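Coming up are structure 1 and structure 2: the same protein chain in two forms, each one given alone as structure tokens.
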Structure 1
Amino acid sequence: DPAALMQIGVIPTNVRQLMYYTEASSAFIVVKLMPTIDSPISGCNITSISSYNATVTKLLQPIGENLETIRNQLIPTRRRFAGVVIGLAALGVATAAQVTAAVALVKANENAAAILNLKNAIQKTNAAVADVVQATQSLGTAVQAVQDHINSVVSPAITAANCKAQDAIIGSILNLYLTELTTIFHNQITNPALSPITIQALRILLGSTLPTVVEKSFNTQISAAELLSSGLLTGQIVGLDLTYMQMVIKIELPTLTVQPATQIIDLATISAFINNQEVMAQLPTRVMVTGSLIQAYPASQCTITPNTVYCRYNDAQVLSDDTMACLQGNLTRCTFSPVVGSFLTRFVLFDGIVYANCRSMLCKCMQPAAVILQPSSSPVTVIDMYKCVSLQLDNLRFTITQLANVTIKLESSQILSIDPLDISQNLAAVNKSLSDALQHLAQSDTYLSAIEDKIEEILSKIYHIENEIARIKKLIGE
């Protein structure tokens, strides 16, 4: 919490809010894998069409078989899903996510079936994008990623002359798409039908259609530029027909809300100069604060904006008692690893002010023409208008115009290395010292046990002396 933690060299670089998922707006798409070629054909065969159909069908066999095993067999069983999830054993061993996704799958069964009910019209229609319609109502959108390119190249008629050439252009168009499909449909998981469709997969699958579909299916105020460039869009396969080669995907757009009393701070670190060496604090690069509570929170899998971080689920990791204390101001509990600093990690601008390691890097001020030096008592030296106005950090001059407002104590036992190999070597060293301490103990024990025995002899002598003084005292005393 105490950002006064930048005396050490760790500077906050961002403060975003945390958004969670409340509900989701959806849309159904039918990916038409086989394009429409309705021009008459005689005395000629277009082999590429056959091959594409065969290779793609085999490629989709796992998704299909999984779909049947789950859907068309153990959950909706020759009847109509009424809301009770049954036979989840069908999934074998599944994660919470997969189980969640399976339920969503059966819940979508009725819509997927409505759309697949029109598979035939969808196939006969030549179109890159098209509204799947049933008597005055839109079920969703039907897309075919290669249709436009195909229409540009197909001959109005395919005769025995055209043949060779046509089978070639259609061939390369289909095969290129096929190849990209190969990139997305690999049979490795047990329930592939339940794997999420990423925006990258959607791009491959929908080709040049993605933009059009993105707008056509969502009415939110969010622009098509955001949906495409961010990672909010995510979909899942909800239906398949291998004969018409049509895949029904359900796309989803999250409805993000902000979680109160929670911030997600980014921490960067410049090299400090402590106890005679260039070092760098060792802390998480992204933390989450909720009052006094602090967790590590890298949103590598979340969508990040300049002022917000939207995450599917919580990815927080617990920090160590020593780490927290260090973030909460207590700098004697931090940890610094030595480093080979460079220009890029020796300084940083922070709202006009510049924080830098002037001990490791030459902070040669120009206007005041005075070379800045750094007290061995200060890890990092600040630099505002007061200390300079036109500073020059090796090959880079620039003015300074702001002013910064506002006890140090660092033990060299805080300067360690956090590297497996390095740690194991120190561990070995510590262990050898424990072994020396144990030997010292043995030596020590042996000696004390020897004194105890001499003490015994000494007592046996005191007695005899004592008794001898009692007798000699019987020739003059009682």
Structure 2
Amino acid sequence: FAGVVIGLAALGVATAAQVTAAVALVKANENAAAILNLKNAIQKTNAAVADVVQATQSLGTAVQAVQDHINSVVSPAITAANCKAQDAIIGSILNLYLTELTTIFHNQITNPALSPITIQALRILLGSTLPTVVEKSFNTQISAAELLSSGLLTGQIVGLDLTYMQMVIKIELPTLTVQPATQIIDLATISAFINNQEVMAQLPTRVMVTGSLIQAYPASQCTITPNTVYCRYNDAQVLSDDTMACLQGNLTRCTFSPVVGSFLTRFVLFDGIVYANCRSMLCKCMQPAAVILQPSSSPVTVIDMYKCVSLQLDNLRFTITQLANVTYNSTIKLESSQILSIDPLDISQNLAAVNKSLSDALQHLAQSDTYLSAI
């Protein structure tokens, strides 16, 4: 039973995440209560960042985002001499923070207290104190620079005293574990020249692969590093049988759309070799000197060392090096029916033409039934 929660009906209509957050919030009662118990002590301390202790034991950190800036401009004494001057400068500091607050706190929803606090919202709320807070209160092996510069950090409000204007917030740093046998792979396209058209293959730009399973995985909110992707949640999407088959190497199941080609989308470098559309672009081999022609049987050209040792592509000049494990039968037969637009207006024009073609068959069917049944 752990600790069965009573009274979820008070949430009204809530999502799984909101329920989960609601549970966590009440699970945080005692800590939030304990911190807010010290609201007066906290309020009297004049500091940008200060330790929250209870009987020598630290409970958290009190931060004040405009504290130093106030200290640096406020007169050692405020009198009727100052007043107008002091109230001017102070008021502009507070008001600026207030304008910032109003960009992250806008109640539009049923349960405003359950919305996550993002890193963006955290920067606004903590100001210059954010780096200090991250640097201290996370005994981790992930650098502050990485924590600050990504979406790993996330907050939840677990307390709020309106009289003292103190907001207790719980920041969580997810400890991450690799998912075994899984890869996230990003796919780019250069143009290919297929059945007299410059085209690009239409596929997801980022997929998840585990064994024989492939799914679109456009990790959009996720934290990406060069070797790892971290998702707080999931956003995978089902791929059609055709896209799956295409991605598994049945190139006749692939879809290509015509494109306006350009230099920058006609080739890539791949560990020292070049994959280029040498039909839509001039691939000039300098050593051995020759123009690299691309047969129509090859959608793209593999320019390895056997084809060219020194290459010129417009203003680019560089040498090609050996790459192991590069294989290709390079002679693929594709059908022109694979070439089409996936633009909604274009599809609907395509559909409208089929619907029309069909109506002419439904007619012919009727003529051929009265041509029959007369016999």
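Note that the rigid core is defined as the largest set of C-alphas that superpose within 1.5 Å between two forms. Reference numbering: structure 1, starting with residue 1.
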| item | value |
| --- | --- |
| From 367, 263, 109, 378, residue displaced between the two structures - CA threshold 2 Å or more, rigid core | 367 |
| Once the two forms are fitted on their core, CA shift of residue 222 between the two structures in Å | 1.0 |
| Shift in Å of the residue 390 Cα between the two structures [rigid core superposition] | 2.6 |
